[PDB]
Amino acid sequence: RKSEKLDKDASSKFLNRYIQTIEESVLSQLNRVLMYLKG
Amino acid sequence: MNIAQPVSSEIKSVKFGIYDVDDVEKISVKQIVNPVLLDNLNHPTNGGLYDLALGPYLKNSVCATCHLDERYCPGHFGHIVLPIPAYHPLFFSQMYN
Amino acid sequence: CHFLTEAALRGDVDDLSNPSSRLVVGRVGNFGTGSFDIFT
Amino acid sequence: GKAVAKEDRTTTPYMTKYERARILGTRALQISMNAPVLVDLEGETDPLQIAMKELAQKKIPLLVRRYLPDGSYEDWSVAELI
Amino acid sequence: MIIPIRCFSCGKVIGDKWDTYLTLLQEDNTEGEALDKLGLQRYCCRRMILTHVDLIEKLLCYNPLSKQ
Amino acid sequence: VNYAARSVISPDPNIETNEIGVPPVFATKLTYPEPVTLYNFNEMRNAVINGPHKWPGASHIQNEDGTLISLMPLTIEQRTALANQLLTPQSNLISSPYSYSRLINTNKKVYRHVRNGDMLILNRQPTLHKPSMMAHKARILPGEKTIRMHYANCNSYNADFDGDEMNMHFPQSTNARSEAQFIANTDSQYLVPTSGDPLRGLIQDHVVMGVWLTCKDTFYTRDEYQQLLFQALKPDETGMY
Amino acid sequence: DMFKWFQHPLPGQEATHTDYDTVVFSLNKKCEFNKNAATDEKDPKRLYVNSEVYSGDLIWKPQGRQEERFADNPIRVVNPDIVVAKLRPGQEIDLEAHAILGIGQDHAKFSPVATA
Amino acid sequence: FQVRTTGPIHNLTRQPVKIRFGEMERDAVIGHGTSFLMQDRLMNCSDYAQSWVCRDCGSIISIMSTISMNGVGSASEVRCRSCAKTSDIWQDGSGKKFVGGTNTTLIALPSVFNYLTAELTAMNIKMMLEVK
Amino acid sequence: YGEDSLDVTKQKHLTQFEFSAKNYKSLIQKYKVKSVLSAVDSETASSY
Amino acid sequence: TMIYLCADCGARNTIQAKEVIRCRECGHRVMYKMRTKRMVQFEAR
Amino acid sequence: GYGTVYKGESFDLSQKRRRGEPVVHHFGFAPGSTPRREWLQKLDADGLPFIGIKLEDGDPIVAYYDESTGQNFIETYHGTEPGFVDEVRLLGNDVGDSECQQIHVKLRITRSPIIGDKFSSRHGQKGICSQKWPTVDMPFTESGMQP
Amino acid sequence: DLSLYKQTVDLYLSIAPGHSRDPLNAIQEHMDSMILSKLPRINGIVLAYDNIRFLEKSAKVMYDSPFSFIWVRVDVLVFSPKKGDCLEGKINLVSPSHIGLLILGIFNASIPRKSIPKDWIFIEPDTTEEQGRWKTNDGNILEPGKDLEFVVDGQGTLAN
Ligand SMILES: [Zn+2]
Ligand SMILES: [Zn+2]
Ligand SMILES: [Zn+2]
Ligand SMILES: [Zn+2]
């Protein structure tokens, strides 16, 4: 149990990576948070 | 005894030790002050010796403390106070010596 | 009562050695098949 | 504490009279709880004896740990024990 | 609901003959007498696949377990 | 404790030195849990078919979540339906309770009666030394209402077979029953711990007629020899041969 | 003719089956939504898979010696083509059928001849 | 002749009410060196129970299931009173707000031991059993 | 322990030199020499 | 708990006794009970 | 002609909350004891019956218990013919923030053509199902289909 | 702000016996359960997890449960809105008793009128009674201002 520092771009790239690794509704709201963060 | 249980702990060591007055305050949930046990209503008097915050009574009562029936409430202790303090009768000889 | 109060004063810690103290805490004893552990 | 290195192992290379017992116990448990069997069945139904057929060929996972009273312990694969 | 197999009057089973007769009016340009190609010599087991209402294809569009 | 009967004993020479013959009553009133796999599926299903009032029927069901469906009130129709669906994913969620999904991998636990391969503990009060409490194989006998075992166990339990009853225990899990089956099985208690002297073995009648028969003055035609050899063997009740 | 009559079970009725009396079939279908659909064509035969529970989906389940006694003549529904019910994404039907010998004047389904 | 698969449990200690196994039999099973059998017959078949403990304070009674956090939501995550003092905080059956006492685990142990802890707390003497 | 060899159970025939030497062929396979001799040391202690 | 069906959204809700009743994903306030597997037997008449 | 009746009843707990107390009853069983001889066979666990289970007259339909008393009450099937249950409905009592105080059971009753029921062509020519003659004792055309 | 958090935690996972061939299987099996479900150990909601590696201990099996246990290291993506500082959301429902906002298109916010400064006023339309504009004190209208920035108390606050 421990924490580390992070910023938003690595969070976005990691979320992308996470959509990539694991392959429903979970992934749907993930798509939602994705199109929310970007642009 | 169920094979599907995931119990992950391990009791590693038991250690004894007396508890002070302060810790009894933190754990206890209630205090009994009324020597009355039951009312004409046949019901546990609040703050009384059958306090439903001490635990769920039978006849399908829910604990006032844990808000669950008697199947799942592990019972929650209470405390009764006295500004006397008299010595502890087990350590009596050791205390006096 | 006696051993009880005596252990209460000092507060000596057994880990748990005899399979009897093992037994009062429900865990298996340290003897027999219960001495060793099996893995994956 | 420490884990004893595989190179230096003083515990008896023999399958103790107790070790076989506990091993077969858990192997029956796994198999009974829908675990993969690494030996062909011969029509066998008791989930437990099946583990006997498994041990008889020593085709079995679930290495064992032998704890020295000091605090060290050995890790013996079932295929490595006698 | 569904086309009632084993017609009342006749003893002929007809439940098979529904989509096979539907795609006769549908694309064969022949009128209802395409059932004559089906082999319903009588009128009894004949008047079923003729004037049967297949309401269930409209009832089935009512799954509350449509997940949508 | 639970799952432990208590009955009067009478010996029997037919059964085994290992197995204990049990009346069907206990086989009904003593049941233990069992996960169901694909290959043991037919056995368990059959036991569930037989029902809770006919050996080797099954007691009742426990769901993977942990609940416990009984089997006395049902009819054999409902039994049949429950049995056919005794092995299937019935949990109506990947983890019905919360986000702790190990329940997808559990099985339906069938509580089944005891049968001819079961290991059930025997004991006697007072139990002085470890051969005074051992593990026996189960064989279910029909008819009698009294637990039967072989003489050769008389000596180890030292019981006089006058009425002195016994405690009859049954391990729940698989590891405990395997352990009783291998370490403390009656067959593994032949040399007492005090000295190496074996205590289990034959008694007055066996030693007597053994003396008589063994004497060189004896003779047998083919009929007697075959009948006697088979009579002792009876491999089928044991198998393996 | 290869069968023996069913003794209708009077009270005390449960255990009145055998393998020389009756036969059992089964079916179980859950219409899954088919994902290979291009667009909206409410056929729905191609929009969904197993939307129609036919008669060809009542599989005979042998009962012991039956499997052998009819190994020369495997028993089936004589019309494997009838549509029995219709299904859609999500729902399911699961059951098994018990068939015996019966005489027409008891039930019409027992009358074998379509028209005499 | 008395069979008992199960039945009534005691008022106080949840024991099958008044077959005897132990205190000489224990010598027997441990003579065979058959631990799992012992823990099976005397702990499992007799009184098996799950109870929480405060991992830090090491007490077994200062535990309590949290109360009325939100709707049915997630589980009522038990907490400790002795180790205590928006999501973290919670309330009491009487309404006393609190916080902390999070480090809580679930352990198997015979309920008769729980009774012992009860009547020993009745003496102000209590053990602080830790866990790993 | 207690002259380690073992409690009475498997030390009853240690004294029975003759009966061991009598057959020894059931026994040599019962002990499964081909496996034992693999992983164990023999000559050091036999020499000492 | 009990498992129900949000009428419109069509989403399993897993609600428990003595609880506010509504769809968790869309907010609907009407829900049916799913049909468990329960042995029922019928005659063919 | 296969008659199928839908008799739909609702149950509501507010009516038995006359005054003086808040909402007290809740559908299901008071935690603890529960009659099995009928109830658990019909009522699923929620005090609500199984979906599609056959009922009879003297048969519980739904179960609510009082909070204070902690005792289970029951509702029987007034009707006097075997009826099943096609669906049960948990009515959100209000805008929200309300326990399920209304339930709706839709019972399906089967009415095949029975002796004593009425038929009529579209000319007012009403008739009555008298005997359901055996299909073989019926006359037939030269084609043979029976009337 | 930087309300996003990734934290490599170590857990005591319960490996099923049937997945004894590969632990990663049963690990991800329930790891897909933690996603989007609050990990209370850290008090946040799982958003992502990778680096599924176990401290190799050839997992010790329970004494009587065939499913074993092992420590595994994985990296979570909890989002911690612990009343830190200014965050922002898209308004979805607006009515003069509280305002409903969506943060990150998922999570909800009910800022009541009391945590809102009294100076802002609501307009109750003709087509809709409650679906209307909580026009600010400035008079700026808030629906097309779908984004509202605010501070969190745990639950939101608009009072300054
Ligand atoms: Zn409580
Ligand atoms: Zn016709
Ligand atoms: Zn604490
Ligand atoms: Zn909804």
# chains A, B, ... in the order shown; residues from 1 in each chain; ligands from 1
call {"tool": "residues_around", "arguments": {"residues": "residue 18 (chain F)", "least_positions_apart": "4", "cutoff": "9 Å", "atoms": "only C-alpha atoms", "output": "ChimeraX atom specification"}}
result
/F:135-138,149-150,153,185-187
call {"tool": "residues_near_ligand", "arguments": {"ligand": "ligand 3", "cutoff": "6 Å", "atoms": "only C-alpha atoms and all ligand atoms", "output": "VMD selection string"}}
result
chain H and resid 54 56 to 57 80 to 83 101
call {"tool": "write_last_selection", "arguments": {"atoms": "N, CA, C and O atoms", "output": "PDB file, in the first residue's frame"}}
result
ATOM      1  N   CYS H  54     -10.074  -5.662  15.374  1.00  0.00           N
ATOM      2  CA  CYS H  54      -9.277  -4.491  15.044  1.00  0.00           C
ATOM      3  C   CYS H  54      -7.818  -4.900  14.973  1.00  0.00           C
ATOM      4  O   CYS H  54      -7.232  -5.316  15.977  1.00  0.00           O
ATOM      5  N   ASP H  56      -5.103  -3.150  14.535  1.00  0.00           N
ATOM      6  CA  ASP H  56      -4.158  -2.308  15.256  1.00  0.00           C
ATOM      7  C   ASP H  56      -4.387  -2.380  16.763  1.00  0.00           C
ATOM      8  O   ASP H  56      -3.480  -2.738  17.524  1.00  0.00           O
ATOM      9  N   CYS H  57      -5.596  -2.050  17.219  1.00  0.00           N
ATOM     10  CA  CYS H  57      -5.858  -2.105  18.650  1.00  0.00           C
ATOM     11  C   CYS H  57      -5.841  -3.527  19.186  1.00  0.00           C
ATOM     12  O   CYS H  57      -5.705  -3.710  20.398  1.00  0.00           O
ATOM     13  N   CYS H  80     -13.626  -0.189  14.322  1.00  0.00           N
ATOM     14  CA  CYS H  80     -13.228  -0.380  15.705  1.00  0.00           C
ATOM     15  C   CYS H  80     -13.546   0.869  16.501  1.00  0.00           C
ATOM     16  O   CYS H  80     -13.363   1.988  16.023  1.00  0.00           O
ATOM     17  N   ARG H  81     -14.018   0.661  17.727  1.00  0.00           N
ATOM     18  CA  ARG H  81     -14.303   1.752  18.648  1.00  0.00           C
ATOM     19  C   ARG H  81     -13.049   2.185  19.396  1.00  0.00           C
ATOM     20  O   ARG H  81     -12.737   3.378  19.457  1.00  0.00           O
ATOM     21  N   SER H  82     -12.325   1.221  19.970  1.00  0.00           N
ATOM     22  CA  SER H  82     -11.094   1.530  20.684  1.00  0.00           C
ATOM     23  C   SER H  82     -10.075   2.206  19.792  1.00  0.00           C
ATOM     24  O   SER H  82      -9.423   3.161  20.221  1.00  0.00           O
ATOM     25  N   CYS H  83      -9.931   1.743  18.559  1.00  0.00           N
ATOM     26  CA  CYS H  83      -9.012   2.360  17.624  1.00  0.00           C
ATOM     27  C   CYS H  83      -9.579   3.626  17.011  1.00  0.00           C
ATOM     28  O   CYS H  83      -8.887   4.283  16.231  1.00  0.00           O
ATOM     29  N   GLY H 101     -10.574   3.352  12.922  1.00  0.00           N
ATOM     30  CA  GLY H 101     -10.821   1.978  13.302  1.00  0.00           C
ATOM     31  C   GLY H 101     -11.064   1.144  12.065  1.00  0.00           C
ATOM     32  O   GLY H 101     -11.918   0.257  12.046  1.00  0.00           O
TER      33      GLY H 101
END
call {"tool": "residues_around", "arguments": {"residues": "region 130-144 of chain K", "least_positions_apart": "2", "cutoff": "9 Å", "atoms": "only C-alpha atoms", "output": "NGL selection string"}}
result
(:E and (10 or 42)) or (:G and (105 or 108 or 115-116)) or (:K and (114-117 or 127-128 or 146-147))
call {"tool": "write_last_selection", "arguments": {"atoms": "C-alpha atoms", "output": "tab-separated table (two decimals), in the first residue's frame"}}
result
chain	number	residue	atom	x	y	z
E	10	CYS	CA	-58.29	-31.72	-40.63
E	42	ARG	CA	-59.76	-29.80	-48.43
G	105	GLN	CA	-60.42	-41.43	-27.98
G	108	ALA	CA	-56.76	-36.31	-30.08
G	115	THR	CA	-57.79	-38.20	-42.12
G	116	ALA	CA	-59.77	-41.42	-42.49
K	114	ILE	CA	-66.04	-25.71	-20.74
K	115	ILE	CA	-69.54	-27.14	-20.48
K	116	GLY	CA	-71.84	-24.21	-19.79
K	117	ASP	CA	-70.10	-21.40	-21.73
K	127	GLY	CA	-75.36	-21.04	-28.28
K	128	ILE	CA	-74.04	-23.10	-25.36
K	146	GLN	CA	-65.79	-33.64	-39.30
K	147	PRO	CA	-68.22	-30.78	-38.56
call {"tool": "residues_around", "arguments": {"residues": "region 78-84 of chain B", "least_positions_apart": "5", "cutoff": "12 Å", "atoms": "only C-alpha atoms", "output": "VMD selection string"}}
result
(chain B and resid 21 to 35 47 to 55 65) or (chain H and resid 61 to 62 118 121 to 124)
call {"tool": "select_by_dssp", "arguments": {"residues": "region 9-160 of chain L", "states": "strand (DSSP E)", "output": "VMD selection string"}}
result
chain L and resid 9 to 15 38 to 39 44 to 45 49 to 54 60 to 61 68 to 76 86 to 95 98 to 103 107 to 112 147 to 152 156 to 157
call {"tool": "atom_distance", "arguments": {"atom1": "CA of residue 24 (chain D)", "atom2": "CA of residue 70 (chain L)"}}
result
21.7 Å
call {"tool": "interface_residues", "arguments": {"of": "chain D", "to": "chain C", "cutoff": "8 Å", "atoms": "only C-alpha atoms", "output": "list in words"}}
result
residues 18, 19, 21, 22, 23, 61, 62, 63, 64, 65, 66 and 67 of chain D
call {"tool": "write_last_selection", "arguments": {"atoms": "C-alpha atoms", "output": "CSV table (one decimal), in the first residue's frame"}}
result
chain,number,residue,atom,x,y,z
D,18,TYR,CA,2.8,-37.2,7.5
D,19,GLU,CA,3.7,-35.3,4.3
D,21,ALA,CA,-1.1,-37.6,4.1
D,22,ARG,CA,-1.5,-33.8,4.0
D,23,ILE,CA,-0.5,-33.7,0.4
D,61,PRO,CA,2.1,-29.8,-8.2
D,62,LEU,CA,1.9,-28.3,-4.7
D,63,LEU,CA,5.4,-28.2,-3.3
D,64,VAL,CA,5.7,-28.3,0.5
D,65,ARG,CA,7.4,-26.1,3.0
D,66,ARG,CA,9.5,-27.6,5.8
D,67,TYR,CA,10.0,-25.1,8.6
call {"tool": "residues_around", "arguments": {"residues": "residue 111 (chain L)", "least_positions_apart": "2", "cutoff": "9 Å", "atoms": "only C-alpha atoms", "output": "CSV table (one decimal) with N, CA and C atoms, in the first residue's frame"}}
result
chain,number,residue,atom,x,y,z
L,97,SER,N,-33.8,23.9,-5.8
L,97,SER,CA,-33.5,23.4,-4.5
L,97,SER,C,-32.1,22.8,-4.4
L,98,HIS,N,-31.5,22.3,-5.5
L,98,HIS,CA,-30.1,21.9,-5.6
L,98,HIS,C,-29.8,21.9,-7.1
L,99,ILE,N,-28.5,21.7,-7.4
L,99,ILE,CA,-28.1,21.6,-8.8
L,99,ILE,C,-27.4,20.3,-9.0
L,100,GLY,N,-27.7,19.6,-10.1
L,100,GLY,CA,-27.1,18.4,-10.4
L,100,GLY,C,-26.1,18.5,-11.5
L,101,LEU,N,-24.8,18.1,-11.1
L,101,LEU,CA,-23.7,18.2,-12.0
L,101,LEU,C,-23.1,16.8,-12.2
L,109,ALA,N,-23.0,15.2,-8.6
L,109,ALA,CA,-22.9,16.3,-7.7
L,109,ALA,C,-24.2,16.9,-7.5
L,113,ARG,N,-29.0,24.4,-2.6
L,113,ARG,CA,-29.2,25.9,-2.6
L,113,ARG,C,-28.5,26.5,-1.4
L,114,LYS,N,-28.4,25.8,-0.3
L,114,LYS,CA,-27.8,26.4,0.9
L,114,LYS,C,-26.3,26.6,0.7
L,115,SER,N,-25.6,25.6,0.2
L,115,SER,CA,-24.2,25.7,-0.1
L,115,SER,C,-24.0,26.7,-1.3
L,116,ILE,N,-25.1,27.1,-2.0
L,116,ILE,CA,-25.1,28.1,-3.0
L,116,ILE,C,-25.4,29.4,-2.4
L,155,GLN,N,-21.1,16.0,-3.0
L,155,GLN,CA,-21.1,17.0,-2.0
L,155,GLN,C,-20.3,18.2,-2.5
L,156,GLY,N,-21.0,19.4,-2.7
L,156,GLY,CA,-20.4,20.5,-3.3
L,156,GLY,C,-20.8,21.8,-2.6
L,157,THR,N,-20.1,22.9,-2.9
L,157,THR,CA,-20.3,24.2,-2.3
L,157,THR,C,-20.1,25.3,-3.3
L,158,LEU,N,-21.1,26.2,-3.3
L,158,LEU,CA,-20.9,27.4,-4.2
L,158,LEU,C,-20.8,28.7,-3.4
call {"tool": "residues_near_ligand", "arguments": {"ligand": "ligand 4", "cutoff": "12 Å", "atoms": "only C-alpha atoms and all ligand atoms", "output": "PyMOL selection string"}}
result
(chain E and resi 64+67-68) or (chain J and resi 4-13+21-32) or (chain K and resi 92)
call {"tool": "interface_residues", "arguments": {"of": "chain H", "to": "chain J", "cutoff": "12 Å", "atoms": "only C-alpha atoms", "output": "list in words"}}
result
residues 68, 70, 71, 72, 73, 74 and 75 of chain H
call {"tool": "write_last_selection", "arguments": {"atoms": "N, CA and C atoms", "output": "mmCIF file, in the first residue's frame"}}
result
data_model
loop_
_atom_site.group_PDB
_atom_site.id
_atom_site.type_symbol
_atom_site.label_atom_id
_atom_site.label_comp_id
_atom_site.auth_asym_id
_atom_site.auth_seq_id
_atom_site.Cartn_x
_atom_site.Cartn_y
_atom_site.Cartn_z
ATOM 1 N N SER H 68 -25.555 2.878 8.855
ATOM 2 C CA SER H 68 -26.309 3.895 8.116
ATOM 3 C C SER H 68 -25.398 4.876 7.377
ATOM 4 N N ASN H 70 -25.272 5.150 3.804
ATOM 5 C CA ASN H 70 -26.008 5.594 2.626
ATOM 6 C C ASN H 70 -27.108 4.554 2.400
ATOM 7 N N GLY H 71 -27.648 4.495 1.183
ATOM 8 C CA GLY H 71 -28.536 3.400 0.830
ATOM 9 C C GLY H 71 -27.840 2.052 0.909
ATOM 10 N N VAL H 72 -28.451 0.997 0.359
ATOM 11 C CA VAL H 72 -27.874 -0.345 0.489
ATOM 12 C C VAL H 72 -26.447 -0.366 -0.049
ATOM 13 N N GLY H 73 -26.198 0.397 -1.120
ATOM 14 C CA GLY H 73 -24.866 0.693 -1.624
ATOM 15 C C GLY H 73 -23.835 -0.413 -1.534
ATOM 16 N N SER H 74 -22.740 -0.131 -0.834
ATOM 17 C CA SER H 74 -21.708 -1.105 -0.536
ATOM 18 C C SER H 74 -21.969 -1.713 0.842
ATOM 19 N N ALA H 75 -21.112 -2.643 1.245
ATOM 20 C CA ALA H 75 -21.271 -3.307 2.526
ATOM 21 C C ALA H 75 -21.013 -2.339 3.669
#
call {"tool": "residues_near_ligand", "arguments": {"ligand": "ligand 2", "cutoff": "12 Å", "atoms": "only C-alpha atoms and all ligand atoms", "output": "PDB file with C-alpha atoms, in the first residue's frame"}}
result
ATOM      1  CA  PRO E   4     -51.842 -23.572 -34.809  1.00  0.00           C
ATOM      2  CA  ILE E   5     -50.057 -26.817 -35.814  1.00  0.00           C
ATOM      3  CA  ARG E   6     -52.313 -29.826 -36.414  1.00  0.00           C
ATOM      4  CA  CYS E   7     -55.393 -27.931 -37.592  1.00  0.00           C
ATOM      5  CA  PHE E   8     -58.715 -28.377 -35.815  1.00  0.00           C
ATOM      6  CA  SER E   9     -60.853 -29.831 -38.589  1.00  0.00           C
ATOM      7  CA  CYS E  10     -58.287 -31.723 -40.625  1.00  0.00           C
ATOM      8  CA  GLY E  11     -55.723 -33.935 -38.954  1.00  0.00           C
ATOM      9  CA  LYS E  12     -52.947 -32.569 -41.088  1.00  0.00           C
ATOM     10  CA  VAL E  13     -50.100 -30.784 -39.355  1.00  0.00           C
ATOM     11  CA  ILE E  14     -49.632 -27.347 -40.864  1.00  0.00           C
ATOM     12  CA  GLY E  15     -47.266 -25.615 -38.471  1.00  0.00           C
ATOM     13  CA  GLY E  39     -51.270 -29.726 -50.935  1.00  0.00           C
ATOM     14  CA  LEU E  40     -54.296 -28.766 -48.855  1.00  0.00           C
ATOM     15  CA  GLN E  41     -56.939 -30.627 -50.833  1.00  0.00           C
ATOM     16  CA  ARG E  42     -59.762 -29.803 -48.425  1.00  0.00           C
ATOM     17  CA  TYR E  43     -60.994 -26.393 -47.331  1.00  0.00           C
ATOM     18  CA  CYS E  44     -60.896 -27.361 -43.656  1.00  0.00           C
ATOM     19  CA  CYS E  45     -57.183 -27.431 -42.886  1.00  0.00           C
ATOM     20  CA  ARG E  46     -57.020 -24.984 -45.801  1.00  0.00           C
ATOM     21  CA  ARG E  47     -58.713 -21.984 -44.176  1.00  0.00           C
ATOM     22  CA  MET E  48     -56.062 -21.835 -41.439  1.00  0.00           C
ATOM     23  CA  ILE E  49     -52.839 -20.813 -43.186  1.00  0.00           C
ATOM     24  CA  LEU E  50     -55.061 -18.629 -45.322  1.00  0.00           C
TER      25      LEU E  50
ATOM     26  CA  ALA G 114     -54.692 -37.339 -40.110  1.00  0.00           C
ATOM     27  CA  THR G 115     -57.789 -38.202 -42.116  1.00  0.00           C
TER      28      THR G 115
ATOM     29  CA  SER K 143     -64.096 -35.525 -48.068  1.00  0.00           C
ATOM     30  CA  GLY K 144     -64.543 -36.518 -44.446  1.00  0.00           C
ATOM     31  CA  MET K 145     -63.526 -33.568 -42.299  1.00  0.00           C
ATOM     32  CA  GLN K 146     -65.791 -33.639 -39.296  1.00  0.00           C
ATOM     33  CA  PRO K 147     -68.221 -30.781 -38.557  1.00  0.00           C
TER      34      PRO K 147
END
call {"tool": "residues_near_ligand", "arguments": {"ligand": "ligand 1", "cutoff": "9 Å", "atoms": "only C-alpha atoms and all ligand atoms", "output": "number ranges by chain"}}
result
B: 52-56, 62-70, 72-76; H: 64-65, 93
call {"tool": "write_last_selection", "arguments": {"atoms": "N, CA and C atoms", "output": "compact mmCIF listing (two decimals), in the first residue's frame"}}
result
# COMPACT_ATOMS: atom_id res chain seq x y z
N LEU B 52 -31.24 -2.79 24.56
CA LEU B 52 -31.14 -3.26 23.18
C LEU B 52 -29.98 -2.63 22.44
N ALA B 53 -29.28 -1.68 23.05
CA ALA B 53 -27.98 -1.26 22.55
C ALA B 53 -26.84 -2.10 23.10
N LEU B 54 -27.06 -2.81 24.21
CA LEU B 54 -26.13 -3.86 24.59
C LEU B 54 -26.19 -4.99 23.58
N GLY B 55 -27.40 -5.38 23.19
CA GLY B 55 -27.59 -6.42 22.21
C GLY B 55 -29.05 -6.63 21.85
N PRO B 56 -29.31 -7.36 20.76
CA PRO B 56 -30.69 -7.70 20.41
C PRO B 56 -31.26 -8.69 21.41
N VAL B 62 -33.95 -5.99 17.11
CA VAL B 62 -32.73 -5.56 16.45
C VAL B 62 -31.90 -4.73 17.41
N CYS B 63 -30.60 -5.00 17.46
CA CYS B 63 -29.72 -4.30 18.39
C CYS B 63 -29.78 -2.81 18.14
N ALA B 64 -29.94 -2.05 19.22
CA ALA B 64 -29.87 -0.61 19.06
C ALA B 64 -28.47 -0.17 18.64
N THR B 65 -27.44 -0.90 19.05
CA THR B 65 -26.10 -0.47 18.68
C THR B 65 -25.78 -0.80 17.23
N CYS B 66 -25.78 -2.09 16.88
CA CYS B 66 -25.36 -2.51 15.55
C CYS B 66 -26.50 -2.49 14.54
N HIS B 67 -27.74 -2.28 15.00
CA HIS B 67 -28.91 -2.27 14.13
C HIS B 67 -28.98 -3.53 13.28
N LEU B 68 -28.79 -4.69 13.91
CA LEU B 68 -29.02 -5.96 13.25
C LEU B 68 -29.62 -6.92 14.26
N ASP B 69 -30.19 -8.01 13.75
CA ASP B 69 -30.85 -8.97 14.62
C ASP B 69 -29.81 -9.72 15.45
N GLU B 70 -30.29 -10.71 16.19
CA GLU B 70 -29.41 -11.52 17.02
C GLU B 70 -28.56 -12.49 16.21
N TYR B 72 -26.56 -11.71 13.72
CA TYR B 72 -25.32 -11.09 13.28
C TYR B 72 -24.72 -10.10 14.27
N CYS B 73 -25.44 -9.72 15.32
CA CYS B 73 -24.89 -8.76 16.27
C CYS B 73 -23.98 -9.48 17.24
N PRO B 74 -22.71 -9.10 17.33
CA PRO B 74 -21.81 -9.79 18.26
C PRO B 74 -21.95 -9.28 19.68
N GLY B 75 -22.94 -8.43 19.90
CA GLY B 75 -23.14 -7.86 21.22
C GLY B 75 -22.12 -6.78 21.54
N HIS B 76 -22.57 -5.70 22.15
CA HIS B 76 -21.74 -4.53 22.41
C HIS B 76 -21.80 -4.23 23.90
N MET H 64 -17.13 -3.14 15.54
CA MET H 64 -18.54 -2.88 15.30
C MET H 64 -18.72 -2.62 13.82
N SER H 65 -19.81 -3.14 13.27
CA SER H 65 -20.16 -2.82 11.90
C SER H 65 -20.64 -1.38 11.80
N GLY H 93 -25.25 3.54 16.54
CA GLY H 93 -26.65 3.21 16.74
C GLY H 93 -27.38 4.24 17.59
call {"tool": "residues_around", "arguments": {"residues": "residue 15 (chain B)", "least_positions_apart": "5", "cutoff": "8 Å", "atoms": "only C-alpha atoms", "output": "ChimeraX atom specification"}}
result
/C:11-14 /H:127-129
call {"tool": "write_last_selection", "arguments": {"atoms": "C-alpha atoms", "output": "tab-separated table (two decimals), in the first residue's frame"}}
result
chain	number	residue	atom	x	y	z
C	11	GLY	CA	1.63	-9.97	30.17
C	12	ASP	CA	3.96	-12.60	28.73
C	13	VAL	CA	3.39	-13.34	25.05
C	14	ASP	CA	3.26	-16.86	23.78
H	127	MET	CA	-6.22	-10.04	25.99
H	128	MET	CA	-5.00	-8.08	22.98
H	129	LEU	CA	-4.64	-10.73	20.33
call {"tool": "atom_distance", "arguments": {"atom1": "CA of residue 48 (chain L)", "atom2": "CA of residue 8 (chain L)"}}
result
10.9 Å
call {"tool": "select_by_dssp", "arguments": {"residues": "chain H", "states": "alpha helix (DSSP H)", "output": "list in words"}}
result
residues 25, 26, 27, 28, 29, 30, 31, 32, 35, 36, 37, 38, 111, 112, 113, 114, 115, 116, 117, 118, 119, 120 and 121 of chain H
call {"tool": "decode", "arguments": {"residues": "region 27-32 of chain J", "atoms": "N, CA and C atoms", "output": "CSV table (one decimal), in the first residue's frame"}}
result
chain,number,residue,atom,x,y,z
J,27,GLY,N,-32.6,5.7,-13.4
J,27,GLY,CA,-33.4,6.4,-12.5
J,27,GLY,C,-34.8,6.0,-12.5
J,28,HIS,N,-35.2,5.1,-13.3
J,28,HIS,CA,-36.6,4.6,-13.3
J,28,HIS,C,-37.1,4.1,-11.9
J,29,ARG,N,-38.4,4.2,-11.7
J,29,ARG,CA,-39.0,3.9,-10.4
J,29,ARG,C,-40.0,2.7,-10.5
J,30,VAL,N,-39.8,1.9,-11.5
J,30,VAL,CA,-40.7,0.7,-11.6
J,30,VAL,C,-39.8,-0.5,-12.1
J,31,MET,N,-39.9,-1.6,-11.4
J,31,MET,CA,-39.0,-2.7,-11.6
J,31,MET,C,-39.8,-4.0,-11.4
J,32,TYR,N,-39.5,-5.0,-12.3
J,32,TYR,CA,-40.2,-6.3,-12.2
J,32,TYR,C,-39.2,-7.3,-11.5
